[PDB]
């Protein structure tokens, strides 16, 4: 990105909900970003399920995921969420956030190739220690809101070190809202509730293609109670609504 500035016009959206968090919103045409909290925008957190973005691309690029029509069959063995207990397409697995599918993908990719792609993608601190199938969930991997938007811009432009085909496949799988004037591509994440003193993190990252403009965004917040989870989308949605981008 070309620039970043701190603003205060979004602060009310956080204070109204007693949330400690950050929103970063970048306009493609001007390469300029705005945030409510410059310091927090550079702080690095567990990606949790936002990692499904690079993991999907790496899965495709290595051939672990055959193509965009791959179905990930459920083996009948119980999963942590009922919604995960079914056959899933790539978009399906991303949209219900079926972590076990992606844990199997990561295992097949393996440490050497995973390390290589995270370096190529400049993905956070690029630290995959903690187990090949959990580094992004409970391990050492950390990424900032600024880094999320940088990464997403590269994906949008097909500038990642992967085939254009594979970037396109992932981009379509990430579509979460379609309107005649805009398309939203996005992914949520949630590390857990942590403790009161050491809270978890929740994310919502993505981009909005709106007329001929493109807006890259990354939201994160501290979370110590699962009841607060919907705020990860409502706060940034309200901000982007008040900016006239969506809604």
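Numbering follows the first chain given and starts at 1.
Q: Mean CA B-factor: is it higher for 46 to 54 or for 180 to 188?
A: The stretch with the larger average C-alpha B-factor is 180 to 188.
Q: Where do the C-alpha atoms have the higher mean temperature factor in this entry, in 10 to 18 or in 229 to 237?
A: Per the deposited B-factors, the answer is 10 to 18.
Q: Quick one: which of 68, 213, 222, 37 shows the highest Cα temperature factor in the PDB entry?
A: Largest recorded C-alpha B-factor: 68.
Q: Taking the entry's C-alpha B-factors for this chain, is residue 173 in the lowest, middle or highest third?
A: Residue 173: CA B-factor falls in the lowest third of its chain.
Q: Can you tell me whether residue 142 has a C-alpha B-factor in the lowest, middle or highest third compared with the other modelled residues of the same chain?
A: Tercile = lowest for this residue's CA B-factor.
Q: Tell me, lowest, middle or highest third: where does the Cα B factor of residue 156 rank within its chain?
A: Residue 156: CA B-factor falls in the lowest third of its chain.
Q: Name the third of the chain's ranked CA B-factors that contains residue 60, choosing lowest, middle or highest.
A: It falls in the middle third of the chain.
Q: Ranked by Cα temperature factor within the chain, is residue 149 in the lowest third, the middle third or the highest third?
A: According to the entry, residue 149 has a C-alpha B-factor in the chain's lowest third.
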